[PDB]
Amino acid sequence: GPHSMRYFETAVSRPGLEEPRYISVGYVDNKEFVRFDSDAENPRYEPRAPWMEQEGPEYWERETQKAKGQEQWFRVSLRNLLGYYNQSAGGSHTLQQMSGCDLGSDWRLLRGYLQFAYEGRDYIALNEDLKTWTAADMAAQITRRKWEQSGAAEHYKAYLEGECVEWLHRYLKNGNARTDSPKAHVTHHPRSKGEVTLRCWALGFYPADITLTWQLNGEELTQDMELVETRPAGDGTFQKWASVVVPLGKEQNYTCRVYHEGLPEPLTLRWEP
Amino acid sequence: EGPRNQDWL
Amino acid sequence: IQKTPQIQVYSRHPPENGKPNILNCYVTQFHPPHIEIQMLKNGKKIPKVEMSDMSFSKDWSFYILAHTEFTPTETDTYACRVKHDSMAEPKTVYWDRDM
């Protein structure tokens, strides 16, 4: 199937120079694989998955050096942004970046990403063409004009089309040691007399994406249905449930459906006493 | 491997 | 400025009284990233609480999984108390074994 790599980078300032804290996290196929954190005693890129321990000390030293440069870039940018937004000294501020690439099942580049956020809000983003920039804010225009003149987009295009794809191909070869299908069941819960709660659980699944539906007649009952956001069990898998209020006795009339990419086809089930 | 950023914001 | 944390409190495995389990407190969709998370047993701080490392989602907002081991009983209450700049007062959500 398809593959991806991402680097999520953050710098956070707090009042009191001291310098900002810089954290970099790498992901391959939406799973953390490397991590740098400037708060560490001896700041380094560290492996975060067993398959990454293959890499020798030359890798870790190269990447650590890059992280130190990125840390400085974030410092300077954070300071520039304070001026752009006429923010005074005395506050907390956040600068974030997402960079990386999507590959198809054929391992060809499908899309490059290069986005920034300030205070948790979109600041500037390289468009899918990898040539032009989207910048909402009036302040972000200063940046966009600068980066048009500096040829920033071509620089990042080169990394996204080259190094990103190259390195992702490498990491995909190094990592051989999936989907986990959900296991669903309905639980019976009492409610205000006459009514009951049927709650459909999905457990043990990976990736997190899943849909739960209740039907009568049927006729999906989105209106009054209750659910929770998909949550990590903590073991690498996810949980979710959906529930509905139902007249007592007439519970065999309602059916829960579970849609997941790991399934050969959707699961259909109901309460079994 | 992660990007090396170009010009500052 | 700020996005207010969404909180779920729930167990790793299906809960069974007297059976050792793990209690999760899952806090998502918040900004700024600094946050204080406490897990409570009968209103008292559980001391040995493990916290996942700083992470953010593709919508820029931050999330954390706090977790601790617990052996639930019929009548012990469990909760998660979250303190964040987006909220005037800390928020407590209680563990409900059916949810």
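Following Swiss-Prot, chain A shows residues 25-201, 205-300, kept in their order.
Note: Cβ is positioned from N, Cα and C throughout, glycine not excepted.
Checking A:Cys188, A:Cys227 against Swiss-Prot, the residue bonded to A:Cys125 by a disulphide is A:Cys188. For A:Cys227 (disulfide bond), the Cβ neighbour count at a 10 Å cut-off comes to 27, with all displayed protein chains included.
One thing to note is that 3 residues go unmodelled from A:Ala201 to A:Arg205, and the Cα atoms at each side are 11 Å apart. Of the candidate disulfide-bonded residues, A:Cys125, A:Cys227, A:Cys283, the one lying closest to A:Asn200 (N-linked glycosylation site) when CA atoms are compared is A:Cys125.
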